[PDB]
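First up is the structure itself, then whatever we jot down about it.
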Amino acid sequence: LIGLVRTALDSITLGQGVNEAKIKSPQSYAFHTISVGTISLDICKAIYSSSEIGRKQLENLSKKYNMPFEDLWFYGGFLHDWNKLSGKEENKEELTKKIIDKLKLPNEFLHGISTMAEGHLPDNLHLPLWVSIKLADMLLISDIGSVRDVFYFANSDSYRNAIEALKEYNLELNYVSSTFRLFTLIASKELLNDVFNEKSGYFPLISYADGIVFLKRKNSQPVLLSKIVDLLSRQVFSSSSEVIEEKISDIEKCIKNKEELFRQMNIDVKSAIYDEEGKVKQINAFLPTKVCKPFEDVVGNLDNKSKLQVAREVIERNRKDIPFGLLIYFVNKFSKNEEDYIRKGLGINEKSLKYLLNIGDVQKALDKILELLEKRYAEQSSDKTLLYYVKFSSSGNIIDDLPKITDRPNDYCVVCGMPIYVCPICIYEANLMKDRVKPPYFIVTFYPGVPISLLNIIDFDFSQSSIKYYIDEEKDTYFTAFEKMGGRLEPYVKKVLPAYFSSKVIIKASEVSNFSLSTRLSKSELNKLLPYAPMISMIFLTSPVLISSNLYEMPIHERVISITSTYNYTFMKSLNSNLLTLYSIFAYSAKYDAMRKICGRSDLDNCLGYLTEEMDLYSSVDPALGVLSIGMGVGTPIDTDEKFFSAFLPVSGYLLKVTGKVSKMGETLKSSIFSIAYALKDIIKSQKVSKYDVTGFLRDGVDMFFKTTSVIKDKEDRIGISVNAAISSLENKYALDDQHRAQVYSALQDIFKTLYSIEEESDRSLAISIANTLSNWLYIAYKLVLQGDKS
Ligand SMILES: [Zn+2]
């Protein structure tokens, strides 16, 4: 059921799927391919159920290839998309032969899939597959953009023939427009299970933010707005068991304390209601306001799943108890404002009890129930109904609601813009924003849309996994790397909250980090939240992510993915490739870990703030500088031993690995440092190396480069003396093989050449910091060649 997905991701190499598909949209190879297959599988499920002819047809189709029914359908679309996307300028379609080897699939199927892609019907048996895939292919157009565009592109294009065949499979197409809101997200799953069930016969497919697209079997019960409206009345009502639990003790306390007299007047109501001391007792003598809160004051602002349940499951909760004692309460403490006994009241303030009948009379009060309370059940309904007239409109559904006349309603909501009779919509959302959905949040949009059948599958667990960033482009495959990313697949997902009708998903930050969050999103806290972000993107098949404290923050469309925020930093800029983009943030992911170990708990806030600005500044010139941004300027302990040797040492290799592919400038820089780092251990065989014992000559040449006197020299004239000073100090300190010294010379030349190029751009003042950066980075590279498998 979900295992097909596992196999596919296991076969495609990490970088294979991370790659950008089309220049038109920010789509990942994996995102699109897996998605096409997902829909493909769901489609065949519908056919098997509805068409009995197609059911047997699909059955024989499986036997032809000796492939399990379900599995045969999925990989069909997945590969079809890949072979279609082989239109990338390379066309090296030989890549599929590797996939075929890991998939262990027959060539005949592929030969058919080739004619499914380019060609036409393999044969009439292969028709449902030809149809299913074509449908899914159309649904994931570069930018379908709108649900209506789907229908326009349907019929207009070759996809029309498939719709013609769909009708013959006793299956029709439909859609419902739905606007994104906080309330929609929570009950989204419930609706899918209740309204769009295979029981009624709906099989939901994908959503595009404008709404949802689904299927309708012939003679299926039509989509009815009645239940749509009936459901929220119960859901917009946060009637949890614990919501009802308080009043259980509230009014219990008011009455349980008088158990003495709440049983005695079962006989001789007069012996208790009357006293020899006078005539009668005060309500407060029998029910003190001290321990008793008035009924309507007890039920402050509740309606039915709370107040009618408070008039049912709370009138009869322990009312099996002192059914006799409970009576006096409603007979007397009917609370302030409404002393409306509205019953067989005799008007006697006290002797009424003797005149009335026995406990058979209780049932009559139970008849007065389901009256004023259920009024609130059908009261603010039309306030909400306006959404089902405007927001939840444009649908193949049927409106089952009254007209919106409600002659003279009350004012329209100040914020949600909805009339009443603010609004409860924002009120419910505000109670929710207290804890159920506390800010800030992580929102990931999907282009054009995302299969609902996959939206209920993905989850994640970063509790034990902590932060993990060790991946390779071609070594580890997508799945193995996804496993390291701590991603999970639960049909009953618990830590992911998807707005199924908005082609987007939100993740509450509370489950992601145990860190203390804030009321909003701040630049300081933004830093701490960033390392987890790229992982989320990768877990969601390389999809763009935005971090924000307001859900309705609409995200900002290059062919590449974009990790963005309320405010955008330069280092967060999207590079020419998704592979590179992720690696750039994976660099921060690694730096964060080290900083955590280095700075103290409180010191981290100020530490990270500085790292952020520095990384931003360096990346402005070249992204490669961004990758190496550790600091080496002003603001951090220059305690190299308490810094590099402490935690930066292991990830160094990975960081340098990234610096290798970010830019050609960085390619030259990385190679140069590494060449020198290899040469270093040759000369200084001994590991009695000190800080200055290895970098002195370098700094000597650097100071010389920057010495104002040498600056007036031409680019080549200056780099001449600069390197000449460096290598002079080297041979002053240690003799150099005339053979070996040449390697370093050539490398240093490019180093000083780029130094002139980072001086051509930007300012020489800033360039100095980058020199110090690379300086300490050279010692690091020397420690890395000295690593030699050191745990
Ligand atoms: Zn409102």
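Residues are named by chain letter and number: chains run A, B, ... in the order of the structure tokens, numbers start at 1 in each chain, and ligands are numbered from 1 in the order shown.
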
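Pocket residues of ligand 1, taken as those with any atom at most 8 Å away using only C-alpha atoms and all ligand atoms, are residues 413, 414, 415, 416, 417, 418, 422, 423, 424, 425, 426 and 427 of chain A.
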
Where does region 400-480 of chain A meet region 186-200 of chain A within 12 Å, residue by residue, with the nearest atom pair and distance in Å to one decimal for each, counting only C-alpha atoms, listed by chain and rising number, as CSV?
residue,atom,partner,partner_atom,distance
A:428,CA,A:186,CA,11.9
A:429,CA,A:186,CA,10.7
A:432,CA,A:186,CA,10.2
A:436,CA,A:186,CA,9.9
A:437,CA,A:186,CA,9.9
A:452,CA,A:192,CA,9.2
A:453,CA,A:192,CA,10.3
A:455,CA,A:189,CA,9.8
A:456,CA,A:189,CA,8.0
A:457,CA,A:189,CA,11.7

For the selection just defined, write its residues with C-alpha atoms to a file, as a CSV table (one decimal), in the first residue's frame.
chain,number,residue,atom,x,y,z
A,428,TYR,CA,-12.3,29.7,17.8
A,429,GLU,CA,-9.0,30.3,15.9
A,432,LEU,CA,-6.7,27.4,18.9
A,436,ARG,CA,-3.4,23.6,19.6
A,437,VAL,CA,-1.6,25.6,16.9
A,452,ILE,CA,-4.3,13.7,-1.0
A,453,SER,CA,-3.6,10.0,-0.9
A,455,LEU,CA,-0.8,13.9,2.2
A,456,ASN,CA,-2.1,11.5,4.9
A,457,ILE,CA,1.0,9.4,4.7

Would you please give, as a PyMOL selection string, all residues of region 499-578 of chain A that DSSP assigns to helix (DSSP H, G or I) based on the backbone? chain A and resi 500-502+509-512+523-529+532-539+570-572+578

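Closest to residue 447 (chain A) among A:377, A:752, A:208, A:29 is A:208, based on only C-alpha atoms.
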
For residue 502 (chain A), please output as a PyMOL selection string all residues within 7 Å (counting only C-alpha atoms; exclusion window: fewer than 2 positions along the same chain). chain A and resi 180+207-211+499-500+504

Using only C-alpha atoms, the residue out of A:565, A:493, A:514, A:348 with shortest distance to residue 464 (chain A) is A:514

Using only C-alpha atoms, the shortest atom-to-atom distance to residue 19 (chain A) among A:580, A:147, A:679, A:647 belongs to A:580

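From CA of residue 746 (chain A) back to CA of residue 721 (chain A), the distance works out to 14.0 Å.
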
Could you pull the residues within 8 Å of residue 649 (chain A), counting only C-alpha atoms, minus those fewer than 2 positions along the same chain, as a PyMOL selection string? chain A and resi 644-647+651-652+780+783-784

Have a look at CA of residue 605 (chain A) and CA of residue 467 (chain A) and let me know their distance in Å, one decimal. 18.2 Å

DSSP-assigned strand (DSSP E or B) among region 250-462 of chain A, expressed as an MDAnalysis selection string: chainID A and resid 274 280 395 398 412 419 441:445 450:451 458:460

Excluding same-chain residues fewer than 6 positions from residue 391 (chain A), what lies within 8 Å of it counting only C-alpha atoms, as an mmCIF file with N, CA and C atoms, in the first residue's frame?
data_model
loop_
_atom_site.group_PDB
_atom_site.id
_atom_site.type_symbol
_atom_site.label_atom_id
_atom_site.label_comp_id
_atom_site.auth_asym_id
_atom_site.auth_seq_id
_atom_site.Cartn_x
_atom_site.Cartn_y
_atom_site.Cartn_z
ATOM 1 N N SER A 177 -14.676 23.842 -4.938
ATOM 2 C CA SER A 177 -13.752 24.936 -4.546
ATOM 3 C C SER A 177 -13.778 25.153 -3.035
ATOM 4 N N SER A 178 -12.593 25.256 -2.423
ATOM 5 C CA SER A 178 -12.490 25.484 -0.958
ATOM 6 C C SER A 178 -11.364 26.470 -0.659
ATOM 7 N N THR A 179 -11.658 27.519 0.107
ATOM 8 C CA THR A 179 -10.622 28.517 0.474
ATOM 9 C C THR A 179 -9.833 28.025 1.687
#

I want to know what sits within 9 Å of residue 614 (chain A), based on only C-alpha atoms, with residues of the same chain fewer than 2 positions away left out; could you give that as a ChimeraX atom specification? /A:609-612,616-619,626,629-631,633

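Residue nearest residue 582 (chain A) within the list A:620, A:543, A:754, A:708: A:543 [criterion: smallest interatomic distance, only C-alpha atoms].
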
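Here the question is which of A:242, A:435, A:230, A:108 gets nearest to residue 519 (chain A) using only C-alpha atoms, and that residue is A:435.
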